[PDB]
Amino acid sequence: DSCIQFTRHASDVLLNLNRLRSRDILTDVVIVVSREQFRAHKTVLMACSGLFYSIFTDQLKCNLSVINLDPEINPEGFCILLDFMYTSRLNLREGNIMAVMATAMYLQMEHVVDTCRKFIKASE
Amino acid sequence: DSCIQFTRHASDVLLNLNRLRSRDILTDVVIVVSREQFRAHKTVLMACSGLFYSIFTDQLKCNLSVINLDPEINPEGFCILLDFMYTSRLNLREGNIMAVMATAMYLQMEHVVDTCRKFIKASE
Amino acid sequence: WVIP
Amino acid sequence: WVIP
Ligand SMILES: O=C1Cc2cc(Nc3nc(Cl)ncc3Br)ccc2N1
Ligand SMILES: O=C1Cc2cc(Nc3nc(Cl)ncc3Br)ccc2N1
Ligand SMILES: [Cl-]
Ligand SMILES: [Cl-]
């Protein structure tokens with residue numbers, strides 16, 4: 001086509017989606033990870049995770065307001081990944097890399113899994 | 001912080017949100033523009049438009065499944081802007097620039113208004 | 001704004 | 001991935 005493109009549009013949209021998350025506006029699901037609860041937008045979760053994409057395209061699960069993750073999932077690892085989904089920034093540290101990679105594998109977040117594998121290979 | 005960032009994350013999220021729109025997945029509102037209807041995600045509309053942000057943060061309007069725009073709004077202008085919201089690409093043409101600018105002013109989409117004003121100033 |  |  002003969003379209004023009006606004007370079008910062010995608011970044012600005014995500015920044016606004018994160019502002020809505022911070023103020024709990026139009027969040028439509030609670031993700032339960034052991035004793036912790038995380039409110040989010042189903043569409044953003046689906047856009048970032050192969051697991052949430054499969055869950056919310058399911059004709060029965062699409063209507064659930066609560067999703068319980070596998071008990072092996074670490075709440076901090078999930079929190080770091082949820083922040084990444086809404087900001088593009090990943091808080092990857094020596095103390096959390098194993099939990100973050102395990103959570104990204106479960107959530108089916110391929111680019112996160114790839115950087116974790118590379119950072120782990122560098123430290124061996 | 002000591003975060004790393006995935007450059008293409010925001011673009012990939014928006015691309016996925018547009019795939020959900022194309023398949024009518026988890027769309028939660030219909031925007032009526034004269035005889036035309038446009039299905040969309042309230043969160044994406046809010047993230048792109050000052051008008052939709054004000055509408056869906058209203059305690060009564062946040063619950064509406066149908067929003068009727070002002071009858072002066074052109075459906076093609078709206079369609080072009082809705083496409084821009086979900087893709088960052090604006091189909092700006094000599095034949096549609098006036099309708100697109102009028103719609104962007106009504107929707108409170110400042111960057112679109114700015115490029116329309118510049119393209120109009122160049123042709124005078 | 002750019003030419004994509 | 002980059003250092004932001
Ligand atoms: O690593 C990842 C991230 C991700 C996101 C989605 N999300 C969607 N995929 C498609 Cl094709 N359409 C709409 C949506 Br929402 C699917 C798989 C994966 N795997
Ligand atoms: O030209 C524009 C585009 C736009 C978008 C929003 N959206 C939001 N703004 C804020 Cl501050 N927080 C959350 C959201 Br969603 C508000 C105003 C405007 N004006
Ligand atoms: Cl990823
Ligand atoms: Cl804009």
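Below, chains carry the letters A, B, ... as their sequence lines are ordered, and counting in each starts from 1. Just so you know, ligand 1 is whichever comes first in the structure, and atom 1 is the first atom listed for that ligand.
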Okay, side chain of [X], backbone of [Y]: is any donor-acceptor separation there less than 3.5 Å?
X	Y	result
B/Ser88	A/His9	no
B/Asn74	B/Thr103	no
A/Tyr53	A/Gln108	no

Would one find an N or O of B/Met46, backbone or side chain, under 3.5 Å from an N or O of ligand 2?
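Such a contact does occur with ligand 2.
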
B/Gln108, any N or O under 3.5 Å of ligand 2 N or O:
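Checking ligand 2 against B/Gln108, an N or O pair does fall under 3.5 Å apart.
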
Which hydrophobic side chains are connected to A/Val66, either touching it within the sub-4.5 Å cutoff or through other members that do?
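Besides A/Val66, the hydrophobic cluster comprises A/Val30, A/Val32, listed by chain and residue number.
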
Determine whether the side chain, the backbone, both or neither of A/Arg19 has a heavy atom under 4.0 Å from any heavy atom of ligand 2.
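Contact part for A/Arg19 vs ligand 2: side chain (C-beta onward).
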
Using a 4.0 Å heavy-atom cut-off, which part of A/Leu17 comes near ligand 2: side chain, backbone, both, or neither?
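None of A/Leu17 does.
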
Which side-chain hydrogen bond (donor to acceptor under 3.5 Å, both in side chains) pairs, counting each pair once, include a residue from residues 32-42 of chain B, with sequence neighbours left out?
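Listed by first then second residue: B/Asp24-B/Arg39, B/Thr27-B/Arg39, B/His41-B/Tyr86.
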
For B/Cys48, the ligand 2 atoms whose distance to one of its heavy atoms is below 4.0 Å
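With B/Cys48 as reference, the close atoms of ligand 2 come out as 3 (C).
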
